[PDB]
């Protein structure tokens, strides 16, 4: 937790950041949000692919026509502002744009405005203390990801997560660390809160957005790092069983970073440990914050 939360421009004490129970988003899933990480690097506290995240936040809101009064630059400034205000050097940031207290009825009244929050706070490995190192055990879920043209899966919206709750909770109830969901066609989509990658014969594979997968920013970074490392990348639909035949499997995400998947549905992947290509990518990723990996794309935004 932390001392302050940026709320519609103001730095509000954490406990005072409250909204009415009749706020639209509590009843209709009408909000869009982001996950952003601030790392303690060789260059000091830096926000990873900051602009990319605020840009996606805007894109998500645009799809639903949620009015956003803050520009991308102003959102970035607020983000850096809230990190410094809480005196954090590393943290997870949660920007949230939502339809507030505007009356009942799924359709908000014409002229309404959205409320915006940006909370920063320390947050450990999404999948566990040993996850990044030893990998996790995944399970293919019995629940499928949203079908195309129902609820936009390119958008990171609150309502989307009922699905992730069903997928993620099932895996956990059965003793697994994360669930992998298939789209409505029976092909691999993504993890409950991560994108899915496969490594086969030295080539990196990952499903396209049209497989109902979120256009992950970690995913995109990985694809770019891989090309820098001379690793071929193929964005293509993947069969459910490809998970059992792949040489390596790993998940990506802002919270999950790069987490090796050592088994799927109880079937061991490779030697049951982090794969060689997964390790190259993982080191190349965390090397961005030690200076070992040259930031050629401009992904480290100085907090100050």
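Rigid core (definition): largest C-alpha set, two forms, superposition within 1.5 Å. Numbering follows the first chain given and starts at 1.
- After superposing on the rigid core, the larger RMS C-alpha deviation in 4 other deposited structures of this protein belongs to 115-123, the other candidate being whichever of 115-123 and 181-189 remains.
- Fitting each structure in 4 other deposited structures of this protein onto the rigid core and averaging C-alpha distances over structures and residues, 267-275 emerges as the more displaced of 267-275 and 56-64.
- Across the other compared structures of the same protein with both neighbouring residues present, residue 130 lacks coordinates in at least a third.
- The mean C-alpha temperature factor is higher for 263-271 when 52-60 and 263-271 are set side by side.
- Stretches compared: 126-134, 76-84. Higher mean C-alpha B-factor in the entry: 126-134.
- Highest C-alpha temperature factor among 42, 27, 240, 37, as the PDB entry reports it: 42.
- Among 159, 95, 179, 111, the highest C-alpha B-factor in the deposited entry belongs to 111.
- Residue 145: CA B factor in the lowest third of modelled residues in this chain (values from the PDB entry).
- Ranked by C-alpha B-factor against the other modelled residues of its chain, residue 169 falls in the middle third.
- Annotation for residue 216: CA B-factor lies in the lowest third of the chain's modelled residues.
- Among the modelled residues of the chain, residue 256 sits in the highest third by CA temperature factor in this PDB entry.
- For residue 117, the recorded CA B-factor ranks within the middle third of the chain. Only modelled residues enter the ranking.
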